[PDB]
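Take a look at this one chain, the form deposited in one PDB entry, written out in structure tokens.
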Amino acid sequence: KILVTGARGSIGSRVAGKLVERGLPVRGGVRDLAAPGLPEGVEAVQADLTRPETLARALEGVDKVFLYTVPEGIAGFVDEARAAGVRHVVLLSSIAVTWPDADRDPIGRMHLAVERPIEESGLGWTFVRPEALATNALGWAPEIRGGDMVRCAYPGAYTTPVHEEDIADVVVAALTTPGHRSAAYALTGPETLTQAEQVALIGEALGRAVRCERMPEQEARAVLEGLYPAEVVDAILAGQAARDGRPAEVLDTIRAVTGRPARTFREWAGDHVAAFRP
């Protein structure tokens, strides 16, 4: 039996669906229990990782967990997981934990605050550490639905966006096959691309030329603060500024783990084309 925390999430839902396809018993952790929408064959359980007293019920009879990073409550998770007899935890982390002075980066900190307790817990683990999620591009959907111009703080900043389906495939491999215990996988997509190039590729999926223009940092900050705490917005903008005009590393880790090349961002855009069509 596997508990998939965040079974409604972009990554978690695909982990859960893939495990059900394999005939495995899947419990799906949710903060909102009543709403429909979980993948078929997933047993819903209401829990909140910030309320680890909720976790005893969710973990009963569970051998393995797919864990989203929620630092408030990690010590409680570890205690409940140990008490329940969980053998393996696959954590969705971040490549930021691998960067120099990661302790001084809000994003690196948050993810290290979960990795370190798991490493000390005595539980088996696998860490999955993606770079930029291709789904970050969904933030442009209102603009792309509405016309052929998108605003970016750093049109020329490079990332190496990774398809959520690849992340889910790596997680499922770690949950279901040998050789992943104490592994930490830094995942990228197959190509480093600028923000403007990503916008253009979404346009290519739509049959339309979609352009990108710069916006001031203060404007970008206001937009990002709709999604994230100020500390995180500052880290994102600093990271983009550092990648302006500087191609990022492409790693072959997805293929190393799964045997399949990483899915392209262009394929991602085709997969999500409905989000961008008006």
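Between two forms, the rigid core is the largest collection of C-alphas that superpose within 1.5 Å. Numbers follow the displayed sequence, beginning with 1.
The discussion below concerns the form deposited in another entry, not included here.
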Among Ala44, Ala56, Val232, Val250, which is the residue that shifts its C-alpha 2 Å or more between the shown form and the other one, core superposed?
-> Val232
Return yes or no for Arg211: a CA shift of at least 2 Å between the shown form and the other one, with the rigid core superposed?
-> no
With both forms fit on the core, has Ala220 moved 2 Å or more by CA between the shown form and the other one?
-> yes
